[PDB]
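I have placed the structure first, in the form of structure tokens, so that the comments after it can refer back to it.
Number of protein chains: 2
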Amino acid sequence: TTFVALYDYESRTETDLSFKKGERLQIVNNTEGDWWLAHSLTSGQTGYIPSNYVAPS
Amino acid sequence: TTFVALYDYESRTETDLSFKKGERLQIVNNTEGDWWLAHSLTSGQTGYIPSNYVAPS
Numbered sequence: 084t085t086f087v088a089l090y091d092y093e094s095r096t097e098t099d100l101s102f103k104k105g106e107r108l109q110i111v112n113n114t115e116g117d118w119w120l121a122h123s124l125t126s127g128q129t130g131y132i133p134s135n136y137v138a139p140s
Numbered sequence: 084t085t086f087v088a089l090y091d092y093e094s095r096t097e098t099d100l101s102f103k104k105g106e107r108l109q110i111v112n113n114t115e116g117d118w119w120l121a122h123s124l125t126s127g128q129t130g131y132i133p134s135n136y137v138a139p140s
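In order, the protein sequences belong to chains F and C.
Position one of the first sequence corresponds to residue 84 (full-length UniProt numbering), numbered consecutively onward.
Position one of the second sequence corresponds to residue 84 (full-length UniProt numbering), numbered consecutively onward.
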């Protein structure tokens, strides 16, 4: 239920969370699901997607 | 290996990927792992984290 940071992370956007090695973090369950880095074969664009919006082919 | 979008998604940041219902998307494996929404019990802050940076307590 609780995770521990193994490394320091500095936020790169307004939406990520900065944290330091050793911090205790809990996961927030939400409707979007885990986010994945994805490439659209249809548009050519690439970026993160909410995994509850997609399904395997 | 290939996923299909079930819904339309509009990007909210410079890092997410917009796509339309029906688009075919492939997952990009990378060092960060899936991203999770997380709450730091230590700082109080909340946002997305790269899951390869943490481990269960």
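Yeah, the Cβ is synthetic: ideal placement off N, Cα and C, and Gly gets one too.
Residues in its own chain within less than 6 angstroms of C/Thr98 by CB, not counting five upstream and five downstream? Position 15 of the second sequence holds residue 98 of chain C. Answer for C/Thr98: no residue qualifies.
Whether F/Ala88 touches F/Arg107 by CB criterion (9 angstroms): For this step, residue 88 of chain F is matched to residue 5 along the first sequence. For this step, residue 107 of chain F is matched to residue 24 along the first sequence. Cβ distance < 9 angstroms, so F/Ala88 and F/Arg107 count as in contact.
Rounded Cβ spacing between C/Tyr92 and F/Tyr136 (contact assumed at less than 8 angstroms): The residue given as residue 92 of chain C occupies position 9 in the second sequence. The residue given as residue 136 of chain F occupies position 53 in the first sequence. About 6 angstroms; that satisfies the 8 angstroms criterion.
Taking Cβ-Cβ distances shorter than 8 angstroms, what residues in chain F pair up with C/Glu97? As a first step, residue 97 of chain C must be located in the second sequence, where it is residue number 14. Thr96, listed in chain order.
Should C/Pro133 go down as buried or exposed, given a rule of 16 or more other Cβ atoms within 10 Å for buried? One-based indexing of the second sequence puts residue 133 of chain C at position 50. So C/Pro133 counts as buried.
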